[PDB]
Amino acid sequence: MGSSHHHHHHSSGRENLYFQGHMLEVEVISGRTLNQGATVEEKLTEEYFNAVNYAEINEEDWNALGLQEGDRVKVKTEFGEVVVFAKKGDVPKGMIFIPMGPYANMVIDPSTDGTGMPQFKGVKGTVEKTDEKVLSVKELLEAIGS
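In terms of the deposited numbering, the sequence shown opens at residue 1 and continues consecutively.
Here you go:
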């Protein structure tokens with residue numbers, strides 16, 4: 001028996017703006033700019049964090065998503081997903097170029113030849129404007145299971 005205590009009623013008035021966007025179906029390419037042969041640990045430098053960390057997007061889709069030079073985008077395929085730096089490129093509409101790396105590895109097929117000069121030919125998928133952070137090279141490793 002016996003019970004006694006005090007109960008507060010606390011809440012918070014918070015401001016919040018919502019966007020609600022629309023993802024575009026794009027072909028995610030992987031061109032060998034950063035040459036492999038080692039691990040991201042063996043090549044633990046800013047080069048690996050600037051080379052394969054961005055996607056080149058067509059002007060039309062760029063405006064369609066409302067991208068600003070400096071934003072980051074979510075890339076999604078049947079293989080997986082990754083957040084990379086949004087950059088503009090001379091690629092065709094509904095298509096984006098990514099340097100062959102761990103970031104691309106999230107959304108592309110790592111079984112194919114993985115060899116070719118940067119012109120076209122990539123893994124189909126989608127891209128959208130997100131508030132998320134770009135997956136740091138190691139954070140990406142931790143995300144895939146390591």
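Each residue gets a CB set at the ideal place from its N, CA and C atoms; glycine is no exception.
Using alpha carbons as the reference points, say which of 11, 26, 6 lies closest to residue 60.
26
Bridge partners of residue 54, per DSSP?
85
Quick one: give me the first and last residue of the beta strand (DSSP E) that residue 128 is part of.
122–129
How long is the line joining the alpha carbons of residue 120 and residue 91, rounded to whole angstroms?
8 Å
Mapping DSSP to helix, strand and coil, what is residue 24?
strand
Residue 107 - DSSP class collapsed to helix/strand/coil:
coil
So what does DSSP say about residue 73, is it helix, strand or coil?
strand
Who does residue 95 pair with in a DSSP beta bridge?
27
Do the region 65–83 and the region 40–49 touch if we need at least three Cβ pairs shorter than 8 Å?
no
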